[PDB]
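> Just dropping this structure here.
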Amino acid sequence: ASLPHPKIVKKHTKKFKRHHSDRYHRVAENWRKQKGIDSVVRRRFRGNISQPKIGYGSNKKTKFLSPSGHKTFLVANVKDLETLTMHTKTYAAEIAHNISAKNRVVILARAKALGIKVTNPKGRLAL
Amino acid sequence: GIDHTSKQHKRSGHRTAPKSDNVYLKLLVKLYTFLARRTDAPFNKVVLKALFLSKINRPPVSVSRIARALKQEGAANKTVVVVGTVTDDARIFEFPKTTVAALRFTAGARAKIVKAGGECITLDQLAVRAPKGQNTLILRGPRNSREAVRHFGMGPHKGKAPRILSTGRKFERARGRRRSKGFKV
Amino acid sequence: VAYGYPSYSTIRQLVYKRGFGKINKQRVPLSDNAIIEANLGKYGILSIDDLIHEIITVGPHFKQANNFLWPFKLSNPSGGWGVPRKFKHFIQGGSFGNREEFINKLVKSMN
Amino acid sequence: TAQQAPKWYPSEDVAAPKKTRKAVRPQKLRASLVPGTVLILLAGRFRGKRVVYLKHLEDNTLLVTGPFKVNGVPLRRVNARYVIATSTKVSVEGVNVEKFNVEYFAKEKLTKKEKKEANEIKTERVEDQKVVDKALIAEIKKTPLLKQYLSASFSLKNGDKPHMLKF
Amino acid sequence: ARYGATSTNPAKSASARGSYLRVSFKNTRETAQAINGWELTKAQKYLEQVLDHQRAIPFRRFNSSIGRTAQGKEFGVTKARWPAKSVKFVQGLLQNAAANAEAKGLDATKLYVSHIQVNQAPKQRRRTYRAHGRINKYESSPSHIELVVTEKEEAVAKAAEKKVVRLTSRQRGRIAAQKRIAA
RNA sequence: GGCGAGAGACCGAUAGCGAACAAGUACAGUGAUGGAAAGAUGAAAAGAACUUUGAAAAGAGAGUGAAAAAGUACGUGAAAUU
RNA sequence: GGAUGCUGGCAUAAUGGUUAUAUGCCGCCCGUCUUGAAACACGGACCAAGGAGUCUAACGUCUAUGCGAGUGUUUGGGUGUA
RNA sequence: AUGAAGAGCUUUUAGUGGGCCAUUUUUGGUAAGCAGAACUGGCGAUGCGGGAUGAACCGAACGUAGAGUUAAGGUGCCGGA
RNA sequence: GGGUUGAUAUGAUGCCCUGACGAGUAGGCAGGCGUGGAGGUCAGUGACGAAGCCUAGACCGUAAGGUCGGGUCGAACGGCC
RNA sequence: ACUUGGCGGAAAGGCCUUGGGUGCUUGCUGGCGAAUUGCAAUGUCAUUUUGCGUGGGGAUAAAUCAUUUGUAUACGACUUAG
């Protein structure tokens, strides 16, 4: 249902982890730059972690896209969805996380009727 | 690698697209850059830059200055152009009939010109009358008339106006400023 | 540097393969006598071969043609340099200096 | 709302692709292949088998047969990069091979619903192979041991080195 | 309520608890792991033998610098001990659980002990008086204990999934050719 | 400062007055002086009748409650550590 | 002045990703002052929460805005939905 | 002659104001991985390949990947050849 | 450095073309992510479960970080200028 | 697969031989069959252990604790006895 996109290359699927995020619990994985003076990570020694930089950035034609080829866009209601009405082949819907189950059911039926894709069509379903 | 003979990724050092968020000025800039791009006219390009200019690189222009310019030869029936503001000057008592185009007009200057029988004009009206700068005359005002340019470049044997709040006796008129108290500069 | 007296074949190859014009401070590949006559038509030059003719039968407009030519960005030679260690003279068993007419071999490799 | 909007939505109008300049020219086979020539199948069900080569079809394939009366190979179409061509040469002037073609080698593809639990052949193809194979054996009877050269299979042994071998 | 992790049929099971007990966490842990997975009567008998010092508890984890004893041979060790107090609290719990089990109406000889865990409780803290005018802590490290006993059931089950298979035409043809060529 | 009133682009229980609670309190020091910590069950105690094991505490059941994954070691209940 | 055509199989965890482990090669502990730190130089047992170029008076350059030889309403007064 | 990658001009403000190494010139000193100067290049502020190992040496200066060719160093094996 | 207001359609700070370049401590500038509260808007989510917490489960972004699913819980909270 | 008789002790565990049976023989000439795995997809053929079965034989113990000893000994261990 999507649009012709090129082949998607990401250039780093592995997550950039803060140095010693593994060693000390007080150091969390949220990436954070070693500004030190004798830091082999800042110095880019061999066998150390790769620091982020703008060459790892993605191709503009594939950027923000999901594997489907759609860009995600968050909806809380049929109105936000009707905004996406005419861009189904490029944009897909994410029902928010704070939504109630009955409103989710409504949104899902409406999206089916309008030919719109939904990437979380199982939130708060029993069976 | 490269043995660079320059500095890399350096900016031009020249303002494009001012950081005035005035939408009307931005409209003028859209207009005059279209005109600069197509009308092959140095006047259009000049005006575009002078629109990018800052407040102090956009000084005022006195109607008496305009009058000197029109007292030039071959320049009487011309159309004066000022990217900035036009100020009144009651140090004069006559004034000619010409038309003047500019961004801003002090109410006194506008009155003076209208009374002399001219018309005060905007740059868009100018762009419809004289796109390529037909029969125009650009004026810029003084820049080194400024009470910071007094202090710019302050050193010995330059005569360059120290930075000082209070004036008079016993405020920097002593040692350094006469041969009795040691030395004169 | 390694410098030498070049031949017509290597001039011609260097240009036809690595031929680049400094056109208002950009590096444009040549690909056309139209480009060449647009820029260097002033100097009686129309074709890449007329350019080469000036170059090798050094002319009164060699200055302008050579300056129009972006510097040739050569690769490292294919079969090597012929010597294990480079930074001696060509004479002492190295690479640099005036290798007056083996430069054609080197350049044809690097091209 | 949860997310505001994008200002400009990109269009859906798919751009038509450009007029490519790739023509399709027929295949230039290697000079080691001429019809009536013995091949060695390297791959497939019939891997490692001496077989005959008759025709060069239009989908860059080669028409081939055992013959079936000899080694169990039927009429088939194979690939020149997946066969070795021998030096041995058998005459084939006298076969009506111009009938065969890609439509004759048609599969009638299988659907999706046809999922097999665990697990026919055309009289036309049978009698065709019979015609052709009787002609081929009749020509084979001239040179000696050839029937058996085909009936057997091909293999590499300890000490067999292809770049030093010839076929 | 709200015991630890169990993979067990709660219908064929009984349970027992003890909370905020002034007994050493380490020794109770070792006692527990000594009777873990055991048959219940066997366990009670073993602990009585321990208290008679005819058998022993192995100290697997908290065993540093303690002495050895030949009884560890039974378990593959050298280090073992006889924690009377832990043992007493534990077999009191087992009494509790056997009672609850028979009140549920269980076999009472197919029984075994399928969960037993011990974990640290709030420290009970006194003050010790040390040289040069100093105070230090004298903290009991108490314990919570919970155990769960169970009927042994017959063999669990059989009949795993169908193990669906997806083949190439080539593998199917190989299969069929072999089923042709042979019987 | 005292008494009485109203307000806030202020702090929100390691913050804000030292003190949101029996805080100038407990407590220390000869004394002058010093000077804490500590809020929240639940809408409502309906705060767990009764049975059973145990010397008892408690446990297992039962039951209340919308919820005991709310049981006065009570809102949620992170991490270290287990 | 940038690759198209033909054919086959699969259409699912097969590719791929995440993750653990194994294997090969590399990989000294961070922060710090230091010419020089893996240091036999200092701080760091661990976790959470708090935690450090702010506010003001008067100024310089610069940039925006308003007016423009003038500019500044807001000491004060008038008035008010205060 | 060659090149010019734009030429000129101003304002303002940070950090710095402990320095060290190599080639060559060189002063004191028996000499020093010592002390003190000169030109240039470097380390500091800089990873990469090589030197087993090393702040400075040789080679080469770094966005993310791929393919090819080399530098210096090497090709018994560890270790690619 | 350039091109492009032209009418219908969207974004002129937009779109597009071409060429070159990308080391970095101290330090400077810029563009952004995030937190508490304020004015506005979404006639925003919400006891049919807000926030918070857990999650070698998924998705986006170079990244800061953001979103989603499952679990827990119980009363408020977010997007944008 | 049986069967006769030898040899081999460095880690023999293999080498050789006799008798007869049975099967194949591409030494030679022949006949029948293969197809459809669709133009390739390792296209699956080996040995390593373990377990549950069926059926055929075969055999029906010791050690540790505890106890005791003292030629031993920090406890363990060791030595002895029952």
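Chain labels A, B, ... are given in the sequence in which chains occur in the structure tokens; within each chain residues are numbered consecutively from 1, and ligands are likewise numbered from 1 in the order shown.
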Could you tell me which residues of chain H sit within 12 Å of chain A when counting only C-alpha atoms (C1' of nucleotides), and give me the result as a PyMOL selection string?

chain H and resi 44-48+55+62-65

> Please give the complete set of residues from region 38-91 of chain E that DSSP, run on the backbone, assigns to helix (DSSP H, G or I), formatted as a PyMOL selection string.

chain E and resi 40-51+70-74+84-91

> Quick one: residues within 10 Å of residue 80 (chain F), only C-alpha atoms (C1' of nucleotides), excluding same-chain residues fewer than 5 positions away - as a list in words?

residues 25 and 26 of chain A; 46, 47 and 48 of chain G

> Please list as an MDAnalysis selection string every residue within 12 Å of residue 130 (chain D), counting only C-alpha atoms (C1' of nucleotides) and excluding residues in the same chain fewer than 3 positions away.

(chainID D and resid 65:70 74:75 95 123:127 133:137) or (chainID J and resid 35)

> Could you please determine the separation between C1' of residue 76 (chain I) and CA of residue 121 (chain A) in Å, to one decimal place?

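Going from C1' of residue 76 (chain I) over to CA of residue 121 (chain A), I get 26.3 Å.
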
> Which residues come within 10 Å of residue 76 (chain F), counting only C-alpha atoms (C1' of nucleotides), excluding same-chain residues fewer than 6 positions away, as a PyMOL selection string?

chain I and resi 52-53+72-74

> Can you pull out every residue within 8 Å of residue 46 (chain I), counting only C-alpha atoms (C1' of nucleotides), but drop anything in the same chain fewer than 2 positions away, and send it as a list in words?

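Close residues of residue 46 (chain I): residues 98, 99 and 100 of chain A; 49, 50 and 76 of chain I.
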
> Please produce an output containing N, CA and C atoms (P, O5', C5', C4', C3', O3' and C1' of nucleotides) for each residue in the selection, written as a PDB file, in the first residue's frame.


```pdb
ATOM      1  N   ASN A  98      -2.519   6.961  25.561  1.00  0.00           N
ATOM      2  CA  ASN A  98      -3.447   7.378  26.594  1.00  0.00           C
ATOM      3  C   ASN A  98      -4.896   7.241  26.167  1.00  0.00           C
ATOM      4  N   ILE A  99      -5.146   6.636  25.016  1.00  0.00           N
ATOM      5  CA  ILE A  99      -6.488   6.521  24.469  1.00  0.00           C
ATOM      6  C   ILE A  99      -7.223   5.382  25.154  1.00  0.00           C
ATOM      7  N   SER A 100      -8.543   5.491  25.207  1.00  0.00           N
ATOM      8  CA  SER A 100      -9.374   4.441  25.754  1.00  0.00           C
ATOM      9  C   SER A 100      -9.715   3.414  24.681  1.00  0.00           C
TER      10      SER A 100
ATOM     11  P     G I  49      -9.734   1.066  29.951  1.00  0.00           P
ATOM     12  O5'   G I  49      -9.258   2.280  30.854  1.00  0.00           O
ATOM     13  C5'   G I  49      -8.859   3.501  30.257  1.00  0.00           C
ATOM     14  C4'   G I  49      -8.264   4.443  31.271  1.00  0.00           C
ATOM     15  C3'   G I  49      -6.784   4.217  31.570  1.00  0.00           C
ATOM     16  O3'   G I  49      -6.114   5.448  31.806  1.00  0.00           O
ATOM     17  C1'   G I  49      -8.042   3.952  33.546  1.00  0.00           C
ATOM     18  P     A I  50      -4.593   5.628  31.327  1.00  0.00           P
ATOM     19  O5'   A I  50      -4.238   7.098  31.793  1.00  0.00           O
ATOM     20  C5'   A I  50      -4.850   8.214  31.177  1.00  0.00           C
ATOM     21  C4'   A I  50      -4.288   9.504  31.696  1.00  0.00           C
ATOM     22  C3'   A I  50      -2.806   9.477  32.032  1.00  0.00           C
ATOM     23  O3'   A I  50      -1.994   9.769  30.910  1.00  0.00           O
ATOM     24  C1'   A I  50      -4.010  10.317  33.869  1.00  0.00           C
ATOM     25  P     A I  76      -6.137  14.679  41.579  1.00  0.00           P
ATOM     26  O5'   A I  76      -5.704  15.611  40.368  1.00  0.00           O
ATOM     27  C5'   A I  76      -4.359  15.669  39.928  1.00  0.00           C
ATOM     28  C4'   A I  76      -4.053  14.687  38.833  1.00  0.00           C
ATOM     29  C3'   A I  76      -3.335  15.245  37.632  1.00  0.00           C
ATOM     30  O3'   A I  76      -1.982  15.576  37.843  1.00  0.00           O
ATOM     31  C1'   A I  76      -5.031  13.828  36.893  1.00  0.00           C
TER      32        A I  76
END
```

> Where in region 113-160 of chain E does DSSP assign strand (DSSP E), given as a ChimeraX atom specification?

/E:113-120,124-130,134-140,143-151

> Extract, using only C-alpha atoms (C1' of nucleotides), all DNA, RNA and protein residues at most 9 Å from residue 70 (chain E), discarding same-chain residues fewer than 6 positions from it, and format them as number ranges by chain.

E: 77-80; J: 64-65, 76-77

> Atoms to include: N, CA, C and O atoms (P, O5', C5', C4', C3', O3' and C1' of nucleotides). Write the selected residues as a PDB file, in the first residue's frame.


```pdb
ATOM      1  N   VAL E  77      31.006 -31.942  49.472  1.00  0.00           N
ATOM      2  CA  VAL E  77      31.657 -30.780  50.049  1.00  0.00           C
ATOM      3  C   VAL E  77      32.523 -31.218  51.219  1.00  0.00           C
ATOM      4  O   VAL E  77      32.677 -32.403  51.513  1.00  0.00           O
ATOM      5  N   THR E  78      33.098 -30.217  51.878  1.00  0.00           N
ATOM      6  CA  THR E  78      33.781 -30.371  53.148  1.00  0.00           C
ATOM      7  C   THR E  78      33.176 -29.514  54.239  1.00  0.00           C
ATOM      8  O   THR E  78      33.290 -29.866  55.417  1.00  0.00           O
ATOM      9  N   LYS E  79      32.525 -28.421  53.870  1.00  0.00           N
ATOM     10  CA  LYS E  79      32.063 -27.412  54.803  1.00  0.00           C
ATOM     11  C   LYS E  79      30.596 -27.644  55.122  1.00  0.00           C
ATOM     12  O   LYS E  79      29.750 -27.633  54.224  1.00  0.00           O
ATOM     13  N   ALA E  80      30.302 -27.845  56.402  1.00  0.00           N
ATOM     14  CA  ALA E  80      28.955 -28.144  56.848  1.00  0.00           C
ATOM     15  C   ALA E  80      28.824 -27.736  58.303  1.00  0.00           C
ATOM     16  O   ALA E  80      29.817 -27.545  59.005  1.00  0.00           O
TER      17      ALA E  80
ATOM     18  P     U J  64      34.623 -46.086  53.393  1.00  0.00           P
ATOM     19  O5'   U J  64      33.512 -44.955  53.452  1.00  0.00           O
ATOM     20  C5'   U J  64      33.726 -43.721  52.790  1.00  0.00           C
ATOM     21  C4'   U J  64      32.641 -42.719  53.087  1.00  0.00           C
ATOM     22  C3'   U J  64      32.268 -42.529  54.546  1.00  0.00           C
ATOM     23  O3'   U J  64      33.181 -41.764  55.307  1.00  0.00           O
ATOM     24  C1'   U J  64      30.311 -42.763  53.313  1.00  0.00           C
ATOM     25  P     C J  65      33.233 -41.984  56.897  1.00  0.00           P
ATOM     26  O5'   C J  65      31.824 -41.440  57.394  1.00  0.00           O
ATOM     27  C5'   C J  65      31.461 -40.089  57.174  1.00  0.00           C
ATOM     28  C4'   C J  65      30.061 -39.799  57.641  1.00  0.00           C
ATOM     29  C3'   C J  65      29.833 -39.957  59.128  1.00  0.00           C
ATOM     30  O3'   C J  65      30.252 -38.827  59.867  1.00  0.00           O
ATOM     31  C1'   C J  65      28.119 -41.074  57.957  1.00  0.00           C
ATOM     32  P     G J  76      36.498 -33.328  62.680  1.00  0.00           P
ATOM     33  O5'   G J  76      36.575 -32.977  61.136  1.00  0.00           O
ATOM     34  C5'   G J  76      37.617 -33.527  60.360  1.00  0.00           C
ATOM     35  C4'   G J  76      37.538 -33.136  58.909  1.00  0.00           C
ATOM     36  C3'   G J  76      37.933 -34.222  57.926  1.00  0.00           C
ATOM     37  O3'   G J  76      36.901 -35.154  57.667  1.00  0.00           O
ATOM     38  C1'   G J  76      39.035 -32.229  57.355  1.00  0.00           C
ATOM     39  P     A J  77      37.204 -36.721  57.804  1.00  0.00           P
ATOM     40  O5'   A J  77      38.609 -36.883  57.108  1.00  0.00           O
ATOM     41  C5'   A J  77      38.706 -36.730  55.710  1.00  0.00           C
ATOM     42  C4'   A J  77      40.139 -36.595  55.289  1.00  0.00           C
ATOM     43  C3'   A J  77      40.967 -37.861  55.401  1.00  0.00           C
ATOM     44  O3'   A J  77      40.831 -38.721  54.289  1.00  0.00           O
ATOM     45  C1'   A J  77      42.104 -36.098  56.460  1.00  0.00           C
TER      46        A J  77
END
```

> Taking only C-alpha atoms (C1' of nucleotides) into account, find every residue of chain D that has an atom no more than 7 Å from chain G, and write it out as a PyMOL selection string.

chain D and resi 22+24+59

> For chain D, which residues have at least one atom within 10 Å of chain A, if we go by only C-alpha atoms? Write them as a list in words, please.

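Residues satisfying the distance criterion: residues 1, 2, 3, 4, 5, 6, 9, 10, 11, 12, 13, 14 and 15 of chain D.
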
> Deliver the residues from the most recent selection as a file, using N, CA, C and O atoms, as a PDB file, in the first residue's frame.


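As a result, out.pdb now contains:
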```pdb
ATOM      1  N   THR D   1      -4.968  17.808  20.382  1.00  0.00           N
ATOM      2  CA  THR D   1      -4.308  16.848  19.508  1.00  0.00           C
ATOM      3  C   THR D   1      -2.983  16.393  20.099  1.00  0.00           C
ATOM      4  O   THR D   1      -2.436  17.040  20.987  1.00  0.00           O
ATOM      5  N   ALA D   2      -2.471  15.272  19.592  1.00  0.00           N
ATOM      6  CA  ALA D   2      -1.238  14.696  20.115  1.00  0.00           C
ATOM      7  C   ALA D   2      -0.031  15.137  19.300  1.00  0.00           C
ATOM      8  O   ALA D   2       1.025  15.452  19.856  1.00  0.00           O
ATOM      9  N   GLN D   3      -0.175  15.146  17.984  1.00  0.00           N
ATOM     10  CA  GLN D   3       0.819  15.654  17.059  1.00  0.00           C
ATOM     11  C   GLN D   3       0.139  16.660  16.147  1.00  0.00           C
ATOM     12  O   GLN D   3      -0.998  16.454  15.716  1.00  0.00           O
ATOM     13  N   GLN D   4       0.832  17.754  15.853  1.00  0.00           N
ATOM     14  CA  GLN D   4       0.133  18.901  15.281  1.00  0.00           C
ATOM     15  C   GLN D   4      -0.232  18.649  13.822  1.00  0.00           C
ATOM     16  O   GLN D   4      -1.405  18.457  13.489  1.00  0.00           O
ATOM     17  N   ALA D   5       0.765  18.631  12.954  1.00  0.00           N
ATOM     18  CA  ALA D   5       0.620  18.281  11.550  1.00  0.00           C
ATOM     19  C   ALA D   5       1.969  18.455  10.876  1.00  0.00           C
ATOM     20  O   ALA D   5       2.883  19.042  11.466  1.00  0.00           O
ATOM     21  N   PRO D   6       2.138  17.969   9.655  1.00  0.00           N
ATOM     22  CA  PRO D   6       3.139  18.552   8.768  1.00  0.00           C
ATOM     23  C   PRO D   6       2.531  19.655   7.916  1.00  0.00           C
ATOM     24  O   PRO D   6       1.374  19.598   7.498  1.00  0.00           O
ATOM     25  N   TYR D   9       2.469  18.291   2.814  1.00  0.00           N
ATOM     26  CA  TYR D   9       2.428  16.859   2.612  1.00  0.00           C
ATOM     27  C   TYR D   9       3.011  16.534   1.251  1.00  0.00           C
ATOM     28  O   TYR D   9       2.598  17.145   0.256  1.00  0.00           O
ATOM     29  N   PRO D  10       3.956  15.605   1.137  1.00  0.00           N
ATOM     30  CA  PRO D  10       4.505  15.299  -0.183  1.00  0.00           C
ATOM     31  C   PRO D  10       3.466  14.628  -1.057  1.00  0.00           C
ATOM     32  O   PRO D  10       2.553  13.961  -0.569  1.00  0.00           O
ATOM     33  N   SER D  11       3.611  14.809  -2.361  1.00  0.00           N
ATOM     34  CA  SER D  11       2.615  14.304  -3.286  1.00  0.00           C
ATOM     35  C   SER D  11       2.712  12.792  -3.412  1.00  0.00           C
ATOM     36  O   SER D  11       3.733  12.179  -3.093  1.00  0.00           O
ATOM     37  N   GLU D  12       1.624  12.196  -3.885  1.00  0.00           N
ATOM     38  CA  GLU D  12       1.573  10.769  -4.151  1.00  0.00           C
ATOM     39  C   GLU D  12       1.839  10.445  -5.609  1.00  0.00           C
ATOM     40  O   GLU D  12       2.073   9.278  -5.941  1.00  0.00           O
ATOM     41  N   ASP D  13       1.792  11.445  -6.487  1.00  0.00           N
ATOM     42  CA  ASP D  13       1.934  11.193  -7.912  1.00  0.00           C
ATOM     43  C   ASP D  13       3.285  10.557  -8.200  1.00  0.00           C
ATOM     44  O   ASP D  13       4.332  11.202  -8.096  1.00  0.00           O
ATOM     45  N   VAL D  14       3.254   9.275  -8.548  1.00  0.00           N
ATOM     46  CA  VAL D  14       4.484   8.555  -8.826  1.00  0.00           C
ATOM     47  C   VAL D  14       5.099   9.092 -10.105  1.00  0.00           C
ATOM     48  O   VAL D  14       4.421   9.254 -11.128  1.00  0.00           O
ATOM     49  N   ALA D  15       6.393   9.376 -10.051  1.00  0.00           N
ATOM     50  CA  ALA D  15       7.072   9.846 -11.239  1.00  0.00           C
ATOM     51  C   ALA D  15       7.257   8.694 -12.211  1.00  0.00           C
ATOM     52  O   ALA D  15       7.651   7.586 -11.839  1.00  0.00           O
TER      53      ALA D  15
END
```

> Considering only C-alpha atoms, extract the chain E residues located within 9 Å of chain D and return them as an MDAnalysis selection string.

chainID E and resid 170 172:176

> Those same residues, written as an mmCIF file, in the first residue's frame with C-alpha atoms?


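Okay, this is what ended up in part_3.cif:
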```
data_model
loop_
_atom_site.group_PDB
_atom_site.id
_atom_site.type_symbol
_atom_site.label_atom_id
_atom_site.label_comp_id
_atom_site.auth_asym_id
_atom_site.auth_seq_id
_atom_site.Cartn_x
_atom_site.Cartn_y
_atom_site.Cartn_z
ATOM 1 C CA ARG E 170 13.041 -29.809 -5.335
ATOM 2 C CA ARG E 172 9.303 -32.618 -2.646
ATOM 3 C CA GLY E 173 10.504 -34.111 -5.919
ATOM 4 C CA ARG E 174 13.390 -35.812 -4.154
ATOM 5 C CA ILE E 175 10.940 -37.329 -1.674
ATOM 6 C CA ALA E 176 8.639 -38.482 -4.456
#
```

> Residues of chain D that approach chain J to 10 Å or less, counting only C-alpha atoms (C1' of nucleotides): could you list each one with the shortest pair of atoms and its distance in Å to one decimal, rows by chain and increasing residue number, as JSON lines?


```
{"residue": "D:42", "atom": "CA", "partner": "J:40", "partner_atom": "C1'", "distance": 9.6}
{"residue": "D:43", "atom": "CA", "partner": "J:40", "partner_atom": "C1'", "distance": 6.5}
{"residue": "D:44", "atom": "CA", "partner": "J:40", "partner_atom": "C1'", "distance": 6.2}
{"residue": "D:45", "atom": "CA", "partner": "J:37", "partner_atom": "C1'", "distance": 6.0}
{"residue": "D:46", "atom": "CA", "partner": "J:37", "partner_atom": "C1'", "distance": 9.5}
{"residue": "D:59", "atom": "CA", "partner": "J:39", "partner_atom": "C1'", "distance": 9.2}
{"residue": "D:60", "atom": "CA", "partner": "J:39", "partner_atom": "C1'", "distance": 9.0}
{"residue": "D:61", "atom": "CA", "partner": "J:39", "partner_atom": "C1'", "distance": 6.7}
{"residue": "D:62", "atom": "CA", "partner": "J:39", "partner_atom": "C1'", "distance": 8.6}
{"residue": "D:68", "atom": "CA", "partner": "J:34", "partner_atom": "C1'", "distance": 7.9}
{"residue": "D:69", "atom": "CA", "partner": "J:34", "partner_atom": "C1'", "distance": 8.8}
{"residue": "D:70", "atom": "CA", "partner": "J:34", "partner_atom": "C1'", "distance": 9.4}
{"residue": "D:71", "atom": "CA", "partner": "J:34", "partner_atom": "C1'", "distance": 7.7}
{"residue": "D:72", "atom": "CA", "partner": "J:34", "partner_atom": "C1'", "distance": 4.6}
{"residue": "D:73", "atom": "CA", "partner": "J:35", "partner_atom": "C1'", "distance": 6.8}
{"residue": "D:74", "atom": "CA", "partner": "J:35", "partner_atom": "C1'", "distance": 5.3}
{"residue": "D:75", "atom": "CA", "partner": "J:35", "partner_atom": "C1'", "distance": 8.2}
{"residue": "D:76", "atom": "CA", "partner": "J:39", "partner_atom": "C1'", "distance": 8.8}
{"residue": "D:77", "atom": "CA", "partner": "J:39", "partner_atom": "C1'", "distance": 6.0}
{"residue": "D:78", "atom": "CA", "partner": "J:39", "partner_atom": "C1'", "distance": 4.5}
{"residue": "D:79", "atom": "CA", "partner": "J:39", "partner_atom": "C1'", "distance": 5.5}
{"residue": "D:80", "atom": "CA", "partner": "J:39", "partner_atom": "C1'", "distance": 9.3}
{"residue": "D:81", "atom": "CA", "partner": "J:40", "partner_atom": "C1'", "distance": 9.9}
{"residue": "D:82", "atom": "CA", "partner": "J:40", "partner_atom": "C1'", "distance": 7.5}
{"residue": "D:105", "atom": "CA", "partner": "J:38", "partner_atom": "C1'", "distance": 8.1}
{"residue": "D:106", "atom": "CA", "partner": "J:38", "partner_atom": "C1'", "distance": 8.1}
{"residue": "D:107", "atom": "CA", "partner": "J:38", "partner_atom": "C1'", "distance": 6.3}
{"residue": "D:108", "atom": "CA", "partner": "J:38", "partner_atom": "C1'", "distance": 9.8}
{"residue": "D:109", "atom": "CA", "partner": "J:38", "partner_atom": "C1'", "distance": 9.7}
{"residue": "D:120", "atom": "CA", "partner": "J:36", "partner_atom": "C1'", "distance": 7.5}
{"residue": "D:121", "atom": "CA", "partner": "J:36", "partner_atom": "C1'", "distance": 7.0}
{"residue": "D:122", "atom": "CA", "partner": "J:35", "partner_atom": "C1'", "distance": 9.9}
{"residue": "D:125", "atom": "CA", "partner": "J:35", "partner_atom": "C1'", "distance": 9.2}
{"residue": "D:126", "atom": "CA", "partner": "J:35", "partner_atom": "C1'", "distance": 8.4}
{"residue": "D:129", "atom": "CA", "partner": "J:35", "partner_atom": "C1'", "distance": 9.7}
```

> Pull out every residue of chain B sitting within 8 Å of chain I, counting only C-alpha atoms (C1' of nucleotides), and send them as a ChimeraX atom specification.

/B:8-9,30

> With C-alpha atoms retained, could you export that selection as a PDB file, in the first residue's frame?


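Okay, out26.pdb is ready:
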```pdb
ATOM      1  CA  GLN B   8      37.419  25.964   5.173  1.00  0.00           C
ATOM      2  CA  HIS B   9      33.667  26.270   5.549  1.00  0.00           C
ATOM      3  CA  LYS B  30      11.343  39.063  -1.948  1.00  0.00           C
TER       4      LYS B  30
END
```

> Determine, for each residue of chain I having at least one atom at most 9 Å from an atom of chain D, the closest pair of atoms and their separation in Å to one decimal, counting only C-alpha atoms (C1' of nucleotides); order by chain and ascending number, as a tab-separated table.


```
residue	atom	partner	partner_atom	distance
I:10	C1'	D:8	CA	5.3
I:11	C1'	D:8	CA	4.7
I:42	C1'	D:1	CA	5.1
I:44	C1'	D:1	CA	4.6
I:45	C1'	D:2	CA	8.3
I:78	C1'	D:2	CA	7.5
I:79	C1'	D:2	CA	4.4
I:80	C1'	D:4	CA	6.0
```

> Do you have, as JSON lines, the list of residues of chain I lying at most 9 Å from chain C, each with its nearest atom pair and that distance in Å to one decimal, counting only C-alpha atoms (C1' of nucleotides) and ordered by chain then number?


```
{"residue": "I:1", "atom": "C1'", "partner": "C:24", "partner_atom": "CA", "distance": 8.1}
{"residue": "I:18", "atom": "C1'", "partner": "C:26", "partner_atom": "CA", "distance": 8.1}
{"residue": "I:19", "atom": "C1'", "partner": "C:26", "partner_atom": "CA", "distance": 4.8}
{"residue": "I:20", "atom": "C1'", "partner": "C:26", "partner_atom": "CA", "distance": 7.3}
```
